[PDB]
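With ideal geometry, Cβ positions are generated from the backbone for all residues, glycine too; neighbour counts draw on all protein chains shown. Just so you know, all these numbers are worked out from the coordinates, no wet-lab data involved.
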Amino acid sequence: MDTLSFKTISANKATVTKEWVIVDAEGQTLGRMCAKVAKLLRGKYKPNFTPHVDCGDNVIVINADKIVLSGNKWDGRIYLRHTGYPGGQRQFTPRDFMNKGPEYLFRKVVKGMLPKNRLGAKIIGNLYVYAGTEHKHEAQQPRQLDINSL
Amino acid sequence: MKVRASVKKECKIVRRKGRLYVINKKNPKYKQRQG
Amino acid sequence: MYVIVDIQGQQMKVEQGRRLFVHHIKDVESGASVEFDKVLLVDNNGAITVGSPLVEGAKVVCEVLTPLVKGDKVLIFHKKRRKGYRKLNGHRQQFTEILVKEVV
Amino acid sequence: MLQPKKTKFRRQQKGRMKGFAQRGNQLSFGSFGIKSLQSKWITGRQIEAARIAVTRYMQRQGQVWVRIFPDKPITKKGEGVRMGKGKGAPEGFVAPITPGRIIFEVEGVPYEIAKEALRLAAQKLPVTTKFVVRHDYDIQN
Amino acid sequence: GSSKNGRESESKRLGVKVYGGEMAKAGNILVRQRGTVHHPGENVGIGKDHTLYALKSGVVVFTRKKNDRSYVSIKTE
Amino acid sequence: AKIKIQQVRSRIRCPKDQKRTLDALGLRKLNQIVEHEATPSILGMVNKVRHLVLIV
RNA sequence: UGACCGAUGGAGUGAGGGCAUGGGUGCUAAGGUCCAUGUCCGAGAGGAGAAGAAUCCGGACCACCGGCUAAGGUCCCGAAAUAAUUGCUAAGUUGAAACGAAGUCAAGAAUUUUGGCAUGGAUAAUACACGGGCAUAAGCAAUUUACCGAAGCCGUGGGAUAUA
Ligand SMILES: [K+]
Ligand SMILES: [K+]
Ligand SMILES: [Mg+2]
Ligand SMILES: [Mg+2]
Ligand SMILES: [Mg+2]
Ligand SMILES: [Mg+2]
Ligand SMILES: [Mg+2]
Ligand SMILES: [Mg+2]
Ligand SMILES: [Mg+2]
Ligand SMILES: [Mg+2]
Ligand SMILES: [Mg+2]
Ligand SMILES: [Mg+2]
Ligand SMILES: [Mg+2]
Ligand code: NA
């Protein structure tokens, strides 16, 4: 039987407050912007944050190609991967990711600041990265947000 | 061209691409690398 | 109207006629009137007062419904592997149930 | 070899070099010299190599003094010999030195190439060194 | 190889048993020594193995004299 | 006169003479306060366990 | 403090180990070996260090959806400052030596010394590391204030074992 009578309430699928926000990447640093984006996606800015529920915001990033990498990171940061075959290690750069597309670079950075579980694998799908300032997300009425305020 | 841990100096000491060189165009047998 | 007040060393949010369980109060009877006057916050349907040295004049009067409510049994187990040491006890926490009559 | 002709005991316990030299740290008998900045055992082979290096230079003027003498015997076990069963075979003598001790010194020589002869001697030693000059020496001889 | 060493004898537990300022009784052993490292004085005897002992009760006194010779005596009454 | 000594650090890994000094002062728990006359012997104990106590 | 000493009933142990200090031995080698003085693991859970028997903090009677701290921390994974102020580093250094330029700042003396931070020396075999993302500070050095942080301390409820 329950002798507590004063509990903390967890949010659930029917009680979360999910919103669409738009942030800009005009001159921000890649890691410093992506940490704030990870906090937005996880829902650390909501007073009803619940670590076992998708309670964050759907984030649209515009002007993704204007992001800034300081130092020699654009070609001096060596990402390594493996194909699974002998002699199968490969190298690539943030420049290679940017050439492929800005969404791939942003997804790679944000996955790594997100939790490593099923919930984080679900959360990463709430992020939308676009190269220019033109995107098509009507019927949801996204709200502009100043990322420098956060 | 000779590469050695300690290079020393009309030869002139220059730094190129993070490496140390001692060059002498008058006498090319005195070039050195990796100071 | 709700107040934030502590009862037996734990802060609770309480309204009128709530039927709380609190830590055991010794030497009480059914229907006995208990008093708790250490309110930290009062929220009167819009007007909120916060007390550093508590809220002056605030007060919660309750009546005891059950003088001894035991909680669910918990098994307490100690074991150190490969050493042979092992013991298993039982524990039941002790509560009293009160009903809040007036919230001043 | 540079070693005593006789010793009372053939064996010696490996001591412990502790601090800085409190004697033999000032320049007597000479003008220029080198001090050691580290604590180490110095072998007679190293000493003879350093003296030969310092005396091949400088021609034959001036005077050269070595101020440490190796008198501590050391042993070595051998190949395939296990631990225990007493001390090993003799392997010569060493001199234990501490920081601040003057090894080599020279006199009657111009400063500008005494500085070079002593560096040549110091390159054949297992310790880092420091060049020192007398505190009354003047530039004009 | 082999070692030609490895021998020792049992330690003889020598030294001062009663220090200056302590109270001693007659017959108490004061000093165990090899040779007269300390010498007898007033009311202190010396045995076959140069052991110093108290002839009377009292307080042990250690005193030094010329040649830095040390004497042990008992101060009674 | 009376001074107040409060234990602020643990006795774990301290030598037995220091542990026995803490016992002689009367400190057996962390954040415990004892009150003693400031005699030279008490001051000597405090000096011995200075790295574990605070004068409050 | 309280368990020091006597006399009596019952034992177990008599394969130890790591770290620090003083030494012997060894090669001033070994996660080596032999002693001495402490301490911890043994027989000891909890916190930080990514993950570690004995390194740093700390000795667990039970419960609690209460509070304060220790070591160590406060951009995200991950709790708490994208806090404030002053400098240094441009190497992603960062989060091993003789021996060489001296890249750079600073303090001097009559070319020269002096320290701070970097740089070359610097090196093998399944794929690689600041734990990872990543960072020009979120690096290094100094100072100040808040805050996080343990089964340590306090609070509340409940037991047990002794000395008075
Ligand atoms: K590590
Ligand atoms: K955090
Ligand atoms: Mg003997
Ligand atoms: Mg045996
Ligand atoms: Mg044994
Ligand atoms: Mg061992
Ligand atoms: Mg060792
Ligand atoms: Mg055992
Ligand atoms: Mg223990
Ligand atoms: Mg631990
Ligand atoms: Mg706090
Ligand atoms: Mg806690
Ligand atoms: Mg406790
Ligand atoms: Na022996």
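Axis angle, to the nearest 10 degrees, between helix A:30-42 and the longest C-alpha principal axis of chain A: 30 degrees.
For A:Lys108, the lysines whose Cα comes closer than 22 Å to its Cα, not counting residues fewer than 8 places off in the same chain, are A:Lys36, A:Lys39, A:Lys44, A:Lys66, A:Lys73, A:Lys100, A:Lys116, A:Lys122.
Rounding to the nearest 20 debye, state how big the charge dipole of the range A:62-110 is about its Cα centre with +1 on each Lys and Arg Cβ and -1 on each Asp and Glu Cβ. Before the final figure, lay out the partial values.
Numbers: 9 positive and 4 negative charges, 20 e Å.
In total the dipole reaches around 100 debye.
Quick one: check the C-alpha center-to-center distance for the range E:1-66 versus the range C:26-104, whole angstrom. The two parts, judged by their Cα centres, are 76 Å apart. Quick check: from the Cα gyration tensor, does chain C come out rounded (a/c under 1.5), prolate or oblate? In terms of gyration-tensor shape, prolate. Under the simplified labelling scheme, the C:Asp27-A:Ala131 pair shows an inter-label distance of 8.3 nm, with each label point 7 Å from Cα along Cα→Cβ. Evaluating 6.51 cos²θ - 1.76 cosθ + 1.60 at θ = phi - 60° for every residue in the range D:79-84, the Karplus couplings come out as 8, x, 8, 7, 5, x Hz, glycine and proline recorded as x.
To the nearest 0.05, how large is the calculated FRET efficiency for E:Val59 and E:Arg13 if R₀ is 22 Å and r is the Cβ-Cβ distance? Mind dumping the intermediate values first?
Numbers: r = 24 Å, r/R0 = 1.10.
It comes to 0.35.
Go ahead and run the numbers for FRET between F:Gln32 and C:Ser52, Cβ-Cβ distance against an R0 of 41 Å, rounding to 0.05. Calculated transfer efficiency: 0.85.
Couplings for the range C:52-59, taken from phi via the Karplus curve 6.51 cos²θ - 1.76 cosθ + 1.60 with θ = phi - 60°, read 5, x, 6, 9, 5, x, 6, 6 Hz in order; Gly and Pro are left as x.
Sorted largest first, the principal axis extents computed over the alpha-carbon atoms of the protein assembly as shown equal 106, 104, 58 Å.
Only the Cβ atoms of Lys and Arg (+1) and of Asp and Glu (-1) were treated as charged; on that basis the dipole of chain E about its Cα centre amounts to roughly 220 debye. Under 5 Å from the amide H of C:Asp6 lie the amide H atoms of C:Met12, C:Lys38, C:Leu40, each residue being 5 or more positions distant or on a separate chain, with H modelled from the backbone and absent for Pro and chain starts.
Arrange the following residues from fewest to most other Cβ atoms within 10 Å of their Cβ: D:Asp138, A:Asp54.
Details: D:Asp138 6, A:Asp54 18.
By the 10 Å Cβ count, ascending: D:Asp138, A:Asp54.
Of the GluC sites (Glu not before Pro) found in the range C:18-84, those that fall in a DSSP loop while having at most 14 other beta-carbon atoms within 10 Å are C:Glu29, C:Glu56.
Which entries of A:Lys7/C:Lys70; D:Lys40/D:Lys115; D:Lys14/E:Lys17; D:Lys8/E:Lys65 show an alpha-carbon separation above 28 angstrom in the structure shown? Over 28 Å apart, Cα to Cα: D:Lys14/E:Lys17; D:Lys8/E:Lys65.
Taking Cα atoms only, the orientation of helix D:44-56 departs from the longest principal axis of chain D by about 20 degrees. Sites listed here are chymotrypsin sites (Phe, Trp or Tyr not before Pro) in chain E whose DSSP assignment is loop and whose Cβ has at most 13 other Cβ atoms within 10 Å: E:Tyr19.
Among F:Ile33, C:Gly17, F:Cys14, which residue has its Cα positioned farthest towards the positive end of the charge dipole of the protein assembly as shown, with +1 placed on the Cβ of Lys and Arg, -1 on the Cβ of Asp and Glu, and the dipole taken about the Cα centre? Checking the options against the dipole of the protein assembly as shown, the answer is F:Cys14.
Counting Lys and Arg as +1 and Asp and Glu as -1 over every other residue whose Cβ lies under 15 Å from the Cβ of A:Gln140, the net charge comes to 0. Placing a pseudo-label 7 Å from each Cα along the Cα-to-Cβ vector at B:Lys29 and A:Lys44 gives an inter-label distance of 6.7 nm. In this structure, E:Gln33 and D:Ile52 have a Cβ-Cβ separation that, at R0 = 60 Å, corresponds to a calculated FRET efficiency of about 0.60.
How would you classify the range E:34-77 from its alpha-carbon gyration tensor, with a ≥ b ≥ c the square roots of the eigenvalues: rounded for a/c under 1.5, else prolate if a/b is greater than b/c, otherwise oblate?
Details: a/c = 2.99, a/b = 1.18, b/c = 2.53.
Because a/c hits 1.5 or more and a/b fails to exceed b/c, the range E:34-77 counts as oblate.
Taking a ≥ b ≥ c as the square roots of the eigenvalues of the Cα gyration tensor of the range A:25-137, is the shape rounded (a/c under 1.5), prolate (a/b larger than b/c) or oblate? Oblate.
From the backbone phi of the range D:62-74, what are the Karplus-calculated ³J(HN,Hα) couplings (6.51 cos²θ - 1.76 cosθ + 1.60, θ = phi - 60°) in whole Hz, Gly and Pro given as x? Along the range D:62-74, the couplings run x, 9, 10, 10, 9, 10, 10, 10, x, 9, 9, x, 10 Hz. The amide H of A:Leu150, built 1.01 Å from its N in the peptide plane, has no neighbour under 5 Å, considering only residues 5 or more places off or on other chains. Under the simplified labelling scheme, the A:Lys122-E:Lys25 pair shows an inter-label distance of 9.1 nm, with each label point 7 Å from Cα along Cα→Cβ. The charge dipole of chain A, taken about its Cα centre with unit charges on the Cβ atoms of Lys, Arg (+1), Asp and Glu (-1) only, comes to about 600 debye. Put in order of Cβ neighbour count within 10 Å, fewest first, the listed residues A:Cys55, F:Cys14 become F:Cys14, A:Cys55.
Residues A:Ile60, A:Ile78 in ascending order of nearby Cβ atoms (within 10 Å, fewest first): A:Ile78, A:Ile60.
Relative to the longest principal axis of the Cα atoms of chain D, helix D:111-122 runs at roughly 10 degrees.
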